[PDB]
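Novice: Sending over a structure as structure tokens; questions will come in a sec.
Basis: the model, the stated rules and, where named, an outside source; these are not laboratory values. Cβ coordinates were reconstructed from backbone atoms using ideal geometry, including for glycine residues, and neighbour counts include every protein chain displayed.
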Amino acid sequence: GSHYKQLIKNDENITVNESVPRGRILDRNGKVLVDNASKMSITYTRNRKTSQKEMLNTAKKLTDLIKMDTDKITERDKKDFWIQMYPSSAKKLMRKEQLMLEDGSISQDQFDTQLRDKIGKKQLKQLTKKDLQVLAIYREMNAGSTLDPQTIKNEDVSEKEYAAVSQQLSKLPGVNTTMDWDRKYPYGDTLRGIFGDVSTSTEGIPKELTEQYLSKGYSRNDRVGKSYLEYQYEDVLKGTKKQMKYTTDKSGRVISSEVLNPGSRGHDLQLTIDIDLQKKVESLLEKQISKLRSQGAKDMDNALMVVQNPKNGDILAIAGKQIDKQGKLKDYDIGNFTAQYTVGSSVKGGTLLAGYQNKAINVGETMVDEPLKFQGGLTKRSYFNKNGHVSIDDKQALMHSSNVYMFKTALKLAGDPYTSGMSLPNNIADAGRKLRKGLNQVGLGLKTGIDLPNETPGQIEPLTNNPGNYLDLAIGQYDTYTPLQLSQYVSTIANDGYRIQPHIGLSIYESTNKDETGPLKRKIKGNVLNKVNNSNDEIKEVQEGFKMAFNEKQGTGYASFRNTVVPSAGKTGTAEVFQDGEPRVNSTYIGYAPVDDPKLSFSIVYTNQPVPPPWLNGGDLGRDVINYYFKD
Ligand SMILES: *[B@@]1([O])O[C]([C]C([O])=O)[C][C][C]1[N]C(=O)[C]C1=[C][C]=[C]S1
């Protein structure tokens, strides 16, 4: 499978480079996710004046060494072929016409057309099974001449056939055999969008990526990582090419051979993914989509989940689906970090941390949740309390998913505490920057740092004199976020305030031998990006409100998470959106388990569900993943 790629001249002095096999990709338990697999091809090269009877002779020899698919053979192909495969039938068919041809009263053109008009009946069935074999090869030998090689067979080329033909090339003029490698995916479709692609050799480095690869010393012939993991880890996964140096003279006779580099296969790359958890998450996700649809959510068009270990940033599973109006799924795993959404009230843990650290509120502070009234009659209120007046804690605000507690926190942060009928503060630029700065510290609004390309930080619009948008930022209805940000954020809460870089790469192996990992070269770490600027009592208050959300009867997540096999904690969000002018919501869930020493965290995003008066319980997906992961 080793193509050349380079032949570098100098002092009558040639240097040739031979390609090497690409590293494998393994899950966290060593299971092979991305392998190499050999592909063989039989090719033909058509010369200046290589006759038709010669191509028929080479092809007949090939039928002894290979077996062919007899599709592709058009009826034109068979009719022509039939002419040689018995001339004195064709001659018996055109007694009269051959005499006119010789008289010069018809042309060869007219004669040919009329002959191929003259059979299809019982005497085209004269083609024996081996005839169709020779013709299946003949038809590919004529495809468009000049020394451009046409392929005779690509799929299903066996090793018996490759060998029999390779050792016969001196008797098979124009014929050739090639050995090439392609990526093999033992687990099928799972995670193919995250793995990415390598260029198809006929491609070489794609134009979009050219120059960037040439600036590293590669060639336009080289096969390279095109996207996502293959691209991200391209230079650990690529081998070191075998490089020979030759010194010739006069006419070219080599007098000294040099082995600059023997060559080595690429390093194996081990991921944080647990492929069995990944398959289980994917299966629960499809069951949850289908269950949500049968409950009315037939416009829901995305469903995404990230699963991490919050202590080290490891991405244990990452899955997404796009859903059409009939509930057919398309794989959309990369949407967890390339797509951004309005996530709603699940951000409110971050809002409180931002309030504490600017001393806008104190841990444990109570405020009255009630409809707020502003100048001119504009109102704002909490969903759970549209008409009443309730005194609540910061952690009860999280349990209930209070809007008004966060509005009041935002107004205190803007140096303008709520009073009934007030006009909203005119300039909130400095408050907005402080609120975004607080949210940024848990992962809401910056790139999380995932070791994959094309991560977005979400949509971040100006905060100057739009106090309405500013209050909306405090409840999750302004800036947009990715599911991976939600997961980084809940992980920060779960691990006592350390914001960690998510990573799907876990380690790199110094791989030398075929199908053997080798010794460990390098660990891929989730670096601590920052600790939140908050005291331990502030972090624990948010933890406690998250636990009450999942475990108290009034918590928005009680119905889904109160009976998880280990105690779980988290936060829900429901945000109003619109599709073709119809009211919808996004539903979002973050959480972690066990409460006491969390080893699992997740986020879930569904888009364009119906607006609840009927509350769907899409968090059951998180319940189910928790119950599976802590089964034993
Ligand atoms: B918030 O995003 O989410 C809360 C409910 C939850 O945690 O799932 C309610 C208040 C906030 N959402 C809204 O104010 C807008 C709503 C859309 C559908 C019901 S409320």
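Novice: Taking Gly377 as meeting all but one of (1) of a type outside the set (S, T, N, Q); (2) away from the ligand (no atom under 13 Å from the Cβ); (3) farther than 14 Å from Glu541 by Cβ; (4) under 34 Å from the mean Cα position of the chain (by Cα), write down the number of the exception.
Specialist: Condition not satisfied by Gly377: (4).
Novice: Evaluate the following for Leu147: is it more than 22 Å from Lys60 (Cα to Cα) and either among the aliphatic types (A, V, I, L, M) or assigned to a loop (DSSP other than H, G, I, E, B) (or both)?
Specialist: Details: more than 22 Å from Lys60 (Cα to Cα): no; either among the aliphatic types (A, V, I, L, M) or assigned to a loop (DSSP other than H, G, I, E, B) (or both): yes.
Answer is no for this residue.
Novice: Scan the stretch 1-45 for residues that are more than 30 Å from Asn309 (Cβ to Cβ), part of a strand (DSSP E or B) and of a type in the set (D, E, K, R) and report the count.
Specialist: The total comes to 2.
Novice: Say whether the condition of being free of Cβ contacts under 8 Å to residues at least 40 places away in the same chain, on the phi < 0 side of the Ramachandran plot, surrounded by fewer than 21 Cβ atoms within 10 Å (Cβ to Cβ) and more than 13 Å from the ligand (Cβ to nearest atom) is met by at least one residue in the stretch 403-415.
Specialist: no
Novice: Tell me, yes or no, whether the stretch 179-196 has at least one residue that is surrounded by fewer than 18 Cβ atoms within 10 Å (Cβ to Cβ) and more than 30 Å from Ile334 (Cβ to Cβ).
Specialist: Yes, that holds for at least one residue.
Novice: Considering only the stretch 556-599, how many residues are among the β-branched types (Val, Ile, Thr) and either over 28 Å from the mean Cα position of the chain (by Cα) or away from the ligand (no atom under 16 Å from the Cβ) (or both)?
Specialist: Quick first cut of the stretch 556-599, residues among the β-branched types (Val, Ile, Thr) only: 556, 564-566, 572, 574, 577, 585, 588, 590, 595.
Applying the additional criterion that residues be either over 28 Å from the mean Cα position of the chain (by Cα) or away from the ligand (no atom under 16 Å from the Cβ) (or both) yields 556, 564-566, 595.
Going through the stretch 556-599 one residue at a time, the tally reaches 5.
Novice: Here's a follow-up. In the stretch 46-84, how many are surrounded by fewer than 17 Cβ atoms within 10 Å (Cβ to Cβ) and either touching a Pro at 6+ places or on another chain (Cβ under 8 Å) or part of a loop (DSSP other than H, G, I, E, B) (or both)?
Specialist: Residues flagged as surrounded by fewer than 17 Cβ atoms within 10 Å (Cβ to Cβ) and either touching a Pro at 6+ places or on another chain (Cβ under 8 Å) or part of a loop (DSSP other than H, G, I, E, B) (or both) within the stretch 46-84 amount to 13.
Novice: Run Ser256 past the list (1) free of Cβ contacts under 8 Å to residues at least 12 places away in the same chain; (2) more than 17 Å from the chain's Cα centre (by Cα); (3) not assigned by TED's automatic domain parsing to the domain that holds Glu510 and report the number of the one that doesn't hold.
Specialist: Every condition holds for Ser256 apart from (3).
Novice: Now a separate question. If I ask for residues that are more than 18 Å from the chain's Cα centre (by Cα) and of a type in the set (S, T, N, Q), which ones from the stretch 322-346 would you list?
Specialist: Residues satisfying the conditions are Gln326, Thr342, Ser345, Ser346.
Novice: State whether the residues of the stretch 338-361 include one that is within 16 Å of the ligand (Cβ to nearest atom), part of a strand (DSSP E or B) and closer than 29 Å to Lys287 by Cβ.
Specialist: Yes - at least one qualifying residue is present in the stretch 338-361.
Novice: Quick one: which of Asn627, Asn617 is in contact (Cβ under 8 Å) with a residue 24 or more places away in the chain, surrounded by fewer than 21 Cβ atoms within 10 Å (Cβ to Cβ) and within 16 Å of the ligand (Cβ to nearest atom)? I'd like the intermediate steps shown before the answer.
Specialist: On the way: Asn627 fails: within 16 Å of the ligand (Cβ to nearest atom).
Answer to the selection: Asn617.
Novice: Taking into account only those residues within the stretch 97-111 that are on the phi < 0 side of the Ramachandran plot and loosely packed, with under 14 Cβ neighbours inside 10 Å, which is nearest to the chain's Cα centre (by Cα)?
Specialist: Step one: of the stretch 97-111, the residues on the phi < 0 side of the Ramachandran plot are 97-103, 105-111.
Next, only the ones that are loosely packed, with under 14 Cβ neighbours inside 10 Å stay: 99, 102-103, 105, 107-110.
Working: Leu99: 68, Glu102: 68, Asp103: 70, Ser105: 67, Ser107: 61, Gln108: 58, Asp109: 56, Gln110: 58 Å.
Within the stretch 97-111, the match that is nearest to the chain's Cα centre (by Cα) is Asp109.
Novice: Say whether the condition of being more than 16 Å from the ligand (Cβ to nearest atom) and within 39 Å of the chain's Cα centre (by Cα) is met by at least one residue in the stretch 417-427.
Specialist: If we filter the stretch 417-427 for residues that are more than 16 Å from the ligand (Cβ to nearest atom), which is where we start, we get 417-427.
Cutting the leftovers down to within 39 Å of the chain's Cα centre (by Cα) gives us none.
Checking the stretch 417-427: not a single residue is more than 16 Å from the ligand (Cβ to nearest atom) and within 39 Å of the chain's Cα centre (by Cα).
Novice: Within the stretch 436-476, track down each residue that is over 33 Å from the mean Cα position of the chain (by Cα), within 16 Å of the ligand (Cβ to nearest atom) and crowded, with 17+ Cβ neighbours inside 10 Å.
Specialist: Within the stretch 436-476, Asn469, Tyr470, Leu471 meet the criteria.
Novice: I'm told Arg220 meets every condition in (1) within 16 Å of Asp180 (Cα to Cα); (2) surrounded by fewer than 16 Cβ atoms within 10 Å (Cβ to Cβ); (3) in contact with a helix residue (DSSP H, G or I) (Cβ under 8 Å, 6 or more places away or on another chain) except one. Can you identify the failing condition by its number?
Specialist: (1)
Novice: So, one more: Mind telling me which of the residues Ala431, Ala397 ends up being within 14 Å of the ligand (Cβ to nearest atom), closer than 23 Å to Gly573 by Cβ and not in a strand (DSSP E or B)? Even if it seems obvious, please write down each step before you answer.
Specialist: Numbers: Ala431 fails: within 14 Å of the ligand (Cβ to nearest atom).
Of the residues listed, the single one that is within 14 Å of the ligand (Cβ to nearest atom), closer than 23 Å to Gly573 by Cβ and not in a strand (DSSP E or B) is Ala397.
Novice: Only one residue in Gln168, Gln212, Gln232, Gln270 is touching a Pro at 6+ places or on another chain (Cβ under 9 Å) and over 30 Å from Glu12 (Cβ atoms). Which one? Let's see the steps before the verdict.
Specialist: Working: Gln168 fails: touching a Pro at 6+ places or on another chain (Cβ under 9 Å); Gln212 fails: touching a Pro at 6+ places or on another chain (Cβ under 9 Å); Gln270 fails: touching a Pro at 6+ places or on another chain (Cβ under 9 Å).
On inspection, the qualifying residue turns out to be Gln232.
Novice: Hey, among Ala569, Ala575, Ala549, which residue is among the aliphatic types (A, V, I, L, M) and within 20 Å of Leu292 (Cα to Cα)? Before the answer, list the steps.
Specialist: Details: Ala569 fails: within 20 Å of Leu292 (Cα to Cα); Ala549 fails: within 20 Å of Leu292 (Cα to Cα).
Going through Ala569, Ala575, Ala549 in turn, just one is among the aliphatic types (A, V, I, L, M) and within 20 Å of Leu292 (Cα to Cα): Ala575.
Novice: Among the numbered conditions (1) more than 30 Å from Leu132 (Cα to Cα); (2) part of a strand (DSSP E or B); (3) more than 32 Å from the chain's Cα centre (by Cα), tell me where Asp249 comes up short.
Specialist: Here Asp249 meets the rest and fails (2).
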